[PDB]
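Only one structure is covered here, and it is reproduced in the block below.
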Amino acid sequence: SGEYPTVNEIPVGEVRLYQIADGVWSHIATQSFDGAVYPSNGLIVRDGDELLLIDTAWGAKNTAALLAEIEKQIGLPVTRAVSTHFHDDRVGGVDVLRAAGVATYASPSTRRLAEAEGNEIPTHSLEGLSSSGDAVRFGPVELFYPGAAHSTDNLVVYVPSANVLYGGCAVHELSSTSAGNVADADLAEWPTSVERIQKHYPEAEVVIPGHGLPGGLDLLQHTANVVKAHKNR
Ligand SMILES: CC(C)c1cccc2c(-c3ccc(CS(C)(=O)=O)c(Cl)c3)c(C(=O)O)[nH]c12
Ligand code: NA
Ligand code: NA
Ligand SMILES: [Zn+2]
Ligand SMILES: [Zn+2]
C-alpha cells in the first residue's frame, strides 16, 4: 500500500523502512513486552555518504535486522547512533551496533538510567543537554532536551533540512487514547515540555512519535491532551 506499517503487519524480528523526506527515513519494528506486542519507531538521516541512526529497533535481533535492511535499501554505512532515552525500545540493540562499529551516544542522564535499569549503555556522553530548552548539533540533526515528559531524560530530534520533528516517546500518535507506558513519566511536567517543543519547532512539517503513525503538528497538542486525560483520571 505504501502506507505506514502497523503493528499487525510486521512480524517480531523484521524491520521496515519508510521514506519520510529526502535523506530521512523512519524504521519500524515490533517487540513483545509483558505478553503484548508493540510497534516502535526510530529515525535514519543521511549524513553525506554516511548515515546517522536515531534509536535502536527494540532488541538485539531486531537491531541486527535493522542494519541488514539499511544495507539492502540504502547501502550507506551507519557510523553513529543516538538513543533518545534509556528504555529498551531506544537502547536495546546498542551492543549489536557497537560490535558493528557504530559509535553510540546518549546524554549522561540516559546512560546513568540505562545502567541502573540493566539496559544496554551507549558508549559516549552527549553534553550540553542537561537543562530544559538546551539544544546541540549532531551531524545533520539538532538534539533538544524539552524537559521531563515520557521520561526525565527524553530527547527530541529535529532535521532542519526537511523540517522533520522526531518526538520519540514524548510524542504520541493521533489515534492514541492513552499515554502509553507511563512507568517512568512525569505527567505533571509533560504538558510544559510539549509546549517547549511547540515553541521551539513551529515550522515542523512532519512529526514522528516513538510508537505509531507520523503526522503533522497536531500530534503535539494531542499528546498534551492524552497525558492530561491520564493524569486527571
Ligand atoms: C518501557 C518500554 C520498553 C515499553 C514497553 C512496552 C510498551 C511501551 C510503550 C507503549 C506505547 C504505546 C502504547 C499504546 S497507547 C499510546 O497507550 O495508546 C502502549 Cl499501551 C505502550 C512505550 C511508550 O509509551 O513509549 N514504551 C513501552
Ligand atoms: Na526498559
Ligand atoms: Na515511562
Ligand atoms: Zn520509553
Ligand atoms: Zn517508547
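First listed ligand is number 1; within each ligand, the first listed atom is number 1. Along the sequence shown, residues carry numbers from 1. Worth knowing before you read on, the calculation uses all heavy atoms, side chains too, and leaves out hydrogens, waters and symmetry mates.
- Residue, atom and distance of the protein heavy atom nearest to atom 2 (C) of ligand 1 are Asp89 OD1, 3.8 Å.
- Contact of the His222 side chain with the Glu173 side chain is not registered, since no non-hydrogen atoms from C-beta on lie closer than 4.5 Å.
- A donor atom on one side chain and an acceptor atom on the other are not found under 3.5 Å apart for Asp184 and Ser151.
- Taken from CD1 in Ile54 to CG in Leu143, the straight-line distance is 6.5 Å, to the nearest 0.5 Å.
- When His172, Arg90, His85, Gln31 are checked for heavy-atom proximity to atom 16 (C) of ligand 1, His172 turns out nearest.
- A heavy-atom distance below 4.5 Å is not found between the side chains of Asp47 and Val45.
- Counting heavy atoms closer than 4.0 Å to ligand 1, residue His150 contributes side-chain atoms (C-beta onward) but none from N, CA, C or O.
- The shortest N or O to N or O distance between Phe33 and ligand 1 is not below 3.5 Å.
- The CZ atom of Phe144 sits 11.0 Å away from atom CG of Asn154, with the distance rounded to the nearest 0.5 Å.
- Between the side chains of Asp55 and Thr84, at least one donor N or O lies within less than 3.5 Å of an accepting N or O.
- Summarising the hydrophobic clusters (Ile, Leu, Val, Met, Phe, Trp, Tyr; side-chain heavy atoms under 4.5 Å, direct or chained), the residues clustered with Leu66 are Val15, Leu17, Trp25, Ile44, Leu51, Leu53, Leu67, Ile70, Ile74, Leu76, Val78, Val96, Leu97, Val102.
- Nearest non-hydrogen protein atom to atom 17 (O) of ligand 1 is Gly180 N, 3.0 Å.
- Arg80 forms a cation-pi arrangement with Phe138, by the criterion of a distance under 6.0 Å to the ring centre and an angle within 45° of the ring axis.
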So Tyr166 and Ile20, side chain to side chain contact (heavy atoms under 4.5 Å, CB included) or not? Walk me through it. CA-CA 11 Å; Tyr166 177 81; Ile20 295 288; over 6 Å; no

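- Counting only protein N, O or S atoms, the number found under 2.8 Å from the Zn ion (ligand 4) is 3.
- Interface atoms of ligand 1 facing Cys169, defined by a heavy-atom separation under 4.0 Å, are 25 (O).
- Using cut-offs of 30° and 60° on the angle between ring planes, the pair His211 and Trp58 is perpendicular.
- Across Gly92, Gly212, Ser178, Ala179, heavy-atom proximity to atom 18 (O) of ligand 1 is greatest for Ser178.
- Of the N and O atoms on the side chains of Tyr201 and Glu142, at least one donor lies less than 3.5 Å from an acceptor on the other residue.
- The nearest protein heavy atom to atom 14 (C) of ligand 1 is not closer than 4.0 Å.
- Of the candidates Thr223, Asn181, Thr177, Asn181 brings a heavy atom nearest to atom 21 (C) of ligand 1.
- Listed by atom number, the atoms of ligand 1 under 4.0 Å from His211 heavy atoms are 11 (C), 22 (C), 23 (C), 25 (O), 26 (N).
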